[PDB]
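Novice:
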Amino acid sequence: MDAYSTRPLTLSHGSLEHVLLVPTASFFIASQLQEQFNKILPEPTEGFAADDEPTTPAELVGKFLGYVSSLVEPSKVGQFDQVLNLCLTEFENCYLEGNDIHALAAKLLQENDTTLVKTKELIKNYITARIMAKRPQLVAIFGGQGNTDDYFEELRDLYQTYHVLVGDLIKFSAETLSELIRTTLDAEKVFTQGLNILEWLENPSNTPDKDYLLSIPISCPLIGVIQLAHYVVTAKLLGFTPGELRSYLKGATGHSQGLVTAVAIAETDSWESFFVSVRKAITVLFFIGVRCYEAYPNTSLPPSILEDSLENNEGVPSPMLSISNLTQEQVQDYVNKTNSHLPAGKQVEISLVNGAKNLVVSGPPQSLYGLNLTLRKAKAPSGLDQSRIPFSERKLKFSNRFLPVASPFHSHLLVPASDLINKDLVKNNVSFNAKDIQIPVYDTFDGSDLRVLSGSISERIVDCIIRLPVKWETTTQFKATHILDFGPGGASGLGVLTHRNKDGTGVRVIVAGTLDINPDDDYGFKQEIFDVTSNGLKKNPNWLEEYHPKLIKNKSXXXXXXXXXXXXXXXXXXXXXXXXXXXXXXXXXXXXXXXXXXXXXXXXXX
Numbered sequence: 002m003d004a005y006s007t008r009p010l011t012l013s014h015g016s017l018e019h020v021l022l023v024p025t026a027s028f029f030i031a032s033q034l035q036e037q038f039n040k041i042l043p044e045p046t047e048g049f050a051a052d053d054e055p056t057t058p059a060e061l062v063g064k065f066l067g068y069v070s071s072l073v074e075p076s077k078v079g080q081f082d083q084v085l086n087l088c089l090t091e092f093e094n095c096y097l098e099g100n101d102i103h104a105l106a107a108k109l110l111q112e113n114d115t116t117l118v119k120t121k122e123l124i125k126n127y128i129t130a131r132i133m134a135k136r137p138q139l140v141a142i143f144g145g146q147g148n149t150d151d152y153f154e155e156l157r158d159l160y161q162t163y164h165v166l167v168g169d170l171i172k173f174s175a176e177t178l179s180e181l182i183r184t185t186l187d188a189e190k191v192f193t194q195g196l197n198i199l200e201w202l203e204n205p206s207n208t209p210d211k212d213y214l215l216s217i218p219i220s221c222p223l224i225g226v227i228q229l230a231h232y233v234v235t236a237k238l239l240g241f242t243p244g245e246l247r248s249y250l251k252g253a254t255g256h257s258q259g260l261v262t263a264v265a266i267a268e269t270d271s272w273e274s275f276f277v278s279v280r281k282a283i284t285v286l287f288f289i290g291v292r293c294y295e296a297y298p299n300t301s302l303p304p305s306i307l308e309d310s311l312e313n314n315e316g317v318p319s320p321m322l323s324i325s326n327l328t329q330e331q332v333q334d335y336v337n338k339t340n341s342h343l344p345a346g347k348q349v350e351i352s353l354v355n356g357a358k359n360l361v362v363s364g365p366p367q368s369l370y371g372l373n374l375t376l377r378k379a380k381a382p383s384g385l386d387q388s389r390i391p392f393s394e395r396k397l398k399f400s401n402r403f404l405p406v407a408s409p410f411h412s413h414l415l416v417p418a419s420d421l422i423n424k425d426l427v428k429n430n431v432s433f434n435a436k437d438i439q440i441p442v443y444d445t446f447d448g449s450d451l452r453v454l455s456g457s458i459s460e461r462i463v464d465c466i467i468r469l470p471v472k473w474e475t476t477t478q479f480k481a482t483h484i485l486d487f488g489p490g491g492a493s494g495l496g497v498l499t500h501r502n503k504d505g506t507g508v509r510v511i512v513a514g515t516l517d518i519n520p521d522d523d524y525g526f527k528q529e530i531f532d533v534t535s536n537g538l539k540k541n542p543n544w545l546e547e548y549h550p551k552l553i554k555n556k557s558x559x560x561x562x563x564x565x566x567x568x569x570x571x572x573x574x575x576x577x578x579x580x581x582x583x584x585x586x587x588x589x590x591x592x593x594x595x596x597x598x599x600x601x602x603x604x605x606x607x
């Protein structure tokens with residue numbers, strides 16, 4: 002038949018073996034999901050689930066047929082098995098000719114309308130419909146504790162979009178994690194939000210409490226999941242292996258919480274070597290969050306400090322604190338001003354050195370709240386005094402907001418369980434971390450190859466997290482062209498922060514989202530497009546110094562332009578103009594005829 006409803010696309014008549022099962026489908030695409038949906042097409046045009054691109058009918062035909070389909074590989078009869086496929090292949094030659102419809106999703110955002118969730122839907126309406134019964138320089142960066150408040154609604158949408166591409170590891174890792182809680186004692190009495198992570202996907206009505214979903218022994222292994230769930234679609238929808246993906250690299254430099262996958266992605270040969278490489282990550286990550294919680298748990302705060310925290314609008318008073326928009330060491334004075342009197346058990350330490358202007362400080366929260374007092378001291382109240390001699394006396398502008406982090410990471414109170422887990426890592430045969438590092442994974446601090454064993458590597462992996470800062474600019478050190486990031490979702494979690502650091506450099510890419518914002522850190526669709534690479538220019542190599550030899554011996558003309566305000570009002574400045582410079586002269590009393598009759602007199606003698 003055809004795609005009806007104000008946007009036409011025919012369906013080829015296959016001479017009477019489809020076109021009697023086409024009324025099984027087309028009159029079922031005459032369902033009320035399209036026929037209460039085409040009256041909204043005239044006045045609020047393509048408002049809701051109808052025809053926003055001319056092939057939006059071709060996917061809802063293709064998806065709804067796949068949704069009431071055979072639905073299991075022991076397939077139902079051809080109306081739910083094969084009339085998809087001829088409709089698929091006719092769709093496959095209709096608008097895409099291949100070319101990886103994520104690229105057409107950018108061409109769905111640009112050529113047709115800007116509805117990302119409808120842009121995202123048709124891929125799911127392609128991919129599950131595709132797999133149904135048939136049709137089967139680079140730097141990597143992982144993230145950690147990033148600018149993300151969910152870590153899971155990000156993930157829950159990812160499994161909802163690509164059920165084909167994650168459901169194996171979803172089945173893999175949640176099984177291990179539901180077994181990981183039992184295997185160590187004194188962990189079962191920590192996880193009273195019970196760790197059936199698979200359940201929370203299909204059942205978020207009794208989801209984990211979102212604040213307790215931000216907690217350490219629910220989230221620290223969970224961050225490894227989303228980068229894994231993004232690594233597999235990077236393999237599967239490119240049709241590659243991670244061993245194929247580990248070939249085309251130059252970097253593999255993960256964050257503090259994400260260094261574990263950087264080691265795990267340094268060593269991943271094939272898809273069965275993938276899962277032990279998963280088991281590298283999760284079994285490292287799972288034992289981390291529980292023991293530091295046993296080393297130090299969440300302090301439930303008295304409600305007066307709950308008040309004053311949000312009065313300054315820094316947010317939830319969690320034991321981790323960030324500052325932006327300053328140079329260094331001024332805060333370090335104020336740390337000393339706090340730690341002049343505070344106990345060693347209540348000491349304050351600057352944690353992370355990400356960003357030449359930004360800093361992160363963790364510690365016991367009241368002490369970090371105590372820092373916020375002298376942060377409020379000497380603070381500009383965001384009233385205007387830059388217009389009154391700014392670079393002599395003006396107080397400075399900050400961002401004293403907190404972090405969604407349950408534990409004081411990179412601290413000096415998180416010493417002992419890091420030494421305890423070293424026994425707990427060699428208990429079960431995953432702590433090898435051999436010479437199978439192919440690409441040199443840069444360390445967070447002093448970013449070596451990491452295959453400098455005499456580390457028994459997953460102790461330095463422990464040691465780099467809660468003992469030491471990051472110093473992220475020195476960490477990076479890239480002779481790169483682009484950077485893939487696998488941070489915890491969005492254009493907020495450490496994707497921009499690399500770009501915020503270095504400029505004149507790569508065109509850094511983040512796996513999450515088919516969205517974009519602007520040509521800053523473009524992403525999503527470039528993973529498998531064609532014929533249009535980008536290149537964020539080296540604003541240093543480009544537009545620098547100059548010297549030459551012209552067509553007729555001249556330059557571009559002697560770089561100096563000068564213009565006074567009283568000393569540019571005669572024939573006198575026309576001698577320097579007669580010399581070797583650019584002279585600009587105006588504003589000479591009488592607007593009429595003065596410096597006008599004089600202009601030719603400034604021209605004849607020019």
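My numbering applies: residue 2 is where the sequence shown begins, and numbers increase by one.
Backbone N, C-alpha and C define an ideal beta-carbon position, used for all residues, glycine too.
Is DSSP giving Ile198 helix, strand or coil here?
Specialist: helix
Novice: Where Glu295 and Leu415 are concerned, what is the direct C-alpha to C-alpha distance, given to the nearest angstrom?
Specialist: 10 Å
Novice: Could you tell me if residue 1 is buried or exposed, where buried requires 16 or more neighbouring beta carbons within 10 angstroms of its beta carbon?
Specialist: Because residue 1 is not part of the residues shown, which for the chain are 2 to 607, the question remains open.
Novice: With a Cβ-Cβ cutoff of 8 Å, do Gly145 and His14 count as a contact?
Specialist: no
Novice: Counting only the same chain and skipping the five closest in sequence on each side, list residues whose C-beta sits under 6 Å from that of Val191.
Specialist: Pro218 and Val291
Novice: Which residue's Cα is closest to the Cα of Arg395: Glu268, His413 and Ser383?
Specialist: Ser383
Novice: Can you tell me whether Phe403 is helix, strand or coil according to DSSP?
Specialist: In the three-state DSSP reduction, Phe403 falls in the strand class (E or B).
Novice: From what residue to what residue does the beta strand (DSSP E) around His483 run?
Specialist: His483 to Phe487
Novice: Go through its chain and collect everything with a Cβ distance to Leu159's Cβ below 6 Å, but skip five positions before and after it.
Specialist: Answer for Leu159: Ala230, listed in chain order.
Novice: Less than 7 Å between the CB of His483 and some heavy atom of the ligand ATP, yes or no?
Specialist: As presented, the structure is devoid of all ligands, the ligand ATP included, so that no description of it is given.
Novice: What three-state label does DSSP hand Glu47 in the structure shown?
Specialist: It is coil, neither helix nor strand.
Novice: Using the C-alpha atoms, what's the distance from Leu516 back to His103?
Specialist: 11 Å
Novice: Could you tell me the alpha carbon to alpha carbon distance between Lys551 and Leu538, rounded to whole angstroms?
Specialist: For the pair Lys551 and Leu538, the Cα-to-Cα distance works out to about 27 Å.
Novice: Ordered along the chain, which non-local residues of its own chain (more than five positions away) have a Cβ less than 6 Å from that of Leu110?
Specialist: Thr120
Novice: Select from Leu495, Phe526, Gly48 and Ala26 the residue whose C-alpha is nearest the C-alpha of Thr477.
Specialist: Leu495
Novice: Between which two residues does the alpha helix (DSSP H) holding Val279 run?
Specialist: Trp272 to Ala296
Novice: Are the segment 74-87 and the segment 129-143 touching by the rule of at least three beta carbon pairs closer than 8 Å?
Specialist: yes
Novice: The beta strand (DSSP E) spanning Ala141 covers which residue range?
Specialist: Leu139 to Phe143
Novice: Do you know offhand how far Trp272's Cα is from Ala282's?
Specialist: 15 Å
Novice: Going by C-alpha to C-alpha distance, which of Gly147, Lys554 and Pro43 sits closest to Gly491?
Specialist: With distances taken between Cα atoms, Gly491 lies closest to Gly147.
Novice: Would you call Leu397 buried or exposed, if buried means 16 or more other Cβ atoms sit within 10 Å of its Cβ?
Specialist: With fewer than 16 Cβ atoms within 10 Å of its Cβ, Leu397 is classed as exposed.
Novice: Am I right that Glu315 and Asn401 are in contact with their C-beta atoms under 8 Å? What's the rounded C-beta distance?
Specialist: Contact between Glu315 and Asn401 holds: CB atoms are separated by about 5 Å, below the 8 Å threshold.
Novice: Can you grab the Cα-Cα spacing for the pair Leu156 / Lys556, in whole Å?
Specialist: 58 Å
Novice: Can you tell me the Cα-Cα spacing of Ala379 and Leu498, whole angstroms?
Specialist: 27 Å
Novice: With 16 other CB atoms within 10 Å as the buried threshold, where does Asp210 fall?
Specialist: exposed
Novice: Suppose the cutoff is 6 Å on Cβ atoms and the five residues either side in sequence are ignored; what does the same chain contact list for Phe288 look like?
Specialist: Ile422 and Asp425
Novice: List the endpoints of the continuous beta strand (DSSP E) containing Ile41.
Specialist: Going by DSSP, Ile41 is part of no beta strand (DSSP E) at all; its letter is neither H nor E.
Novice: Buried or exposed for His342, please, with buried defined as at least 16 other CB atoms from any protein chain shown within 10 angstroms of its CB.
Specialist: exposed
Novice: Quick check on the DSSP output: the alpha helix (DSSP H) that includes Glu268 runs from which residue to which?
Specialist: Membership of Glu268 in any alpha helix (DSSP H) is not indicated, and neither H nor E is assigned to it by DSSP.
Novice: Spatial neighbours of residue 620 within its chain, please: C-beta separation below 7 Å, excluding the five flanking residues on both sides.
Specialist: Any question about residue 620 goes unanswered here, given that the chain covers just 2 to 607.
Novice: What first and last residue would you give for the alpha helix (DSSP H) that runs through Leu156?
Specialist: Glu154 to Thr162
Novice: Should the segment 48-58 be regarded as contacting the segment 4-11, the criterion being three or more beta carbon pairs within less than 8 Å?
Specialist: Here the segment 48-58 makes contact with the segment 4-11; the two share three or more CB pairs at distances below 8 Å.
Novice: Could you please give me the residues that DSSP links to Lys380 through a beta bridge?
Specialist: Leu397
Novice: Enumerate in chain order the residues of its own chain whose CB-to-CB distance from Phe143 is below 6 Å, with the five nearest sequence positions on each side excluded.
Specialist: Annotation for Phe143: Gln228, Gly255, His256, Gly259, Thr262, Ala263 and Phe487 place their beta carbon closer than 6 Å to its own, counting only its chain and skipping 5 residues before and after.
Novice: Since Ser323 sits in a beta bridge, which residues does DSSP pair it with?
Specialist: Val361
Novice: So within the segment 424-470, which uninterrupted beta strand (DSSP E) runs reach at least 3 residues, ignoring any that extend past its ends?
Specialist: none
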